[PDB]
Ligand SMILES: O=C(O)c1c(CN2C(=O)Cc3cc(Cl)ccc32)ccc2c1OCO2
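Next up is one chain by itself, shown in structure tokens, the form solved without this ligand.
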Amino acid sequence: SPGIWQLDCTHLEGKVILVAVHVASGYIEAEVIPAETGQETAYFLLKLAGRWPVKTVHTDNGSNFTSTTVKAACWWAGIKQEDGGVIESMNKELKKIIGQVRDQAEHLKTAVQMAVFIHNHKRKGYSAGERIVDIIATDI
């Protein structure tokens, strides 16, 4: 459970938001990209694995599961690349937060990082940021 993450992809303003969800805590990392490609997904996973102890990733679709570039990043970072409700509600929640801050940000990427901040600090009482740290520290 502590090393399991789920990839998720959603569209907004003609752009793609790639999200990594830490399944046990609900903690997220997200980035805005022009379109989902194997190279963008591979780079996102390399970043995530250098920051958190990523053991397994459930890919968001069969193209990212199949991608030789994604498989190479998973090999490099020591990640077990795996296949495939609450994710749909999290995409809706993220878009809701983005809408609420959209006026404070000129760039979509700024609004997305503001939403990541709000989601991870929301007490619902522990926050997702507190839960991920507690889950991983117990495993050490």
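One-based numbering along the sequence shown.
According to the PDB entry, the deposited sequence contains 4 to 9 residues between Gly84 and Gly85 that lack coordinates.
Looking at 110-118 and 92-100 together, the entry lists the larger mean B-factor for 92-100, computed on C-alpha atoms.
The entry lists a Cα temperature factor for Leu46 that places it in the lowest third of the chain's modelled residues.
Looking at the C-alpha B-factors along this chain, the one for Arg131 belongs to the middle third. For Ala35, the recorded CA temperature factor ranks within the highest third of the chain's modelled residues.
What comes next is about the form deposited with this ligand bound, which is not displayed.
In the bound PDB entry, this ligand stays beyond 4.5 Å of every heavy atom belonging to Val57. Residues of 22-48 placing a heavy atom within 4.5 Å of this ligand in the bound PDB entry, in sequence order: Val23, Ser25, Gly26, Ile28.
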